[PDB]
């Protein structure tokens, strides 16, 4: 549940239609933390367990508390780990629709990884959800070099990380409803539309 490695341990013989790559927040357990498994359960409910791979960003992404103070809000090692999943998905399952997400430092990571990934792969990322986005103000509520229409930011009123602070107050810890509802709904809408368009071609 809190750790999923469906992509890392998967093979090209059993590609799903959709691959979800997700980054947890600082201090969180496994590779999905508390919000990852909520989004995952709703994706699985729509696509079936065999129709979506769930993949957390583990490995070199240790979700270190001090790395939140780096300019991009996470480390280059962590970005490399997420980019590695984007690459592995594109190579193993080149027809799969990709979706992404992250919470807190994971949201900074997801944004930076989406910015940095090869443009051919980025086109395949139909949508991205960001919870408690620590670079919301700095990036003006967007992911750099990625369409606003494909991006959904959940930033609670009074979550100070969304207005430029390095301060965690209680609203930063209240994204359970979004994770279980609006966020997967957004990703499902985007992924379904991307899949429909590919069937058309």
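Numbering follows the first chain given and starts at 1.
A.B. asks: Tell me which stretch, 19 to 27 or 187 to 195, has the higher mean Cα B-factor listed in the entry.
C.D. replies: 187 to 195 has the higher mean C-alpha B-factor.
A.B. asks: Going by the B-factors listed in the PDB entry, is the mean over the C-alpha atoms higher for 52 to 60 or for 133 to 141?
C.D. replies: Mean CA B-factor is higher for 133 to 141.
A.B. asks: Residue 106: which third of its chain by C-alpha temperature factor?
C.D. replies: Bottom third by C-alpha B-factor.
A.B. asks: Would you mind checking where the Cα B-factor of residue 75 ranks among the modelled residues of its chain, as the lowest, middle or highest third?
C.D. replies: Middle third of the chain for residue 75's C-alpha B-factor.
A.B. asks: Quick one: classify residue 153 as lowest, middle or highest third of the chain based on its Cα B-factor.
C.D. replies: Middle third - that is where residue 153 ends up once the chain's C-alpha B-factors are sorted.
A.B. asks: How does residue 5 rank on Cα B-factor within its chain, lowest, middle or highest third?
C.D. replies: For residue 5, whose C-alpha B-factor we compare with every modelled residue in the chain, the answer is the lowest third.
A.B. asks: Looking at the C-alpha B-factor of residue 43, is it in the lowest, middle or highest third of its chain?
C.D. replies: It falls in the bottom third of the chain.
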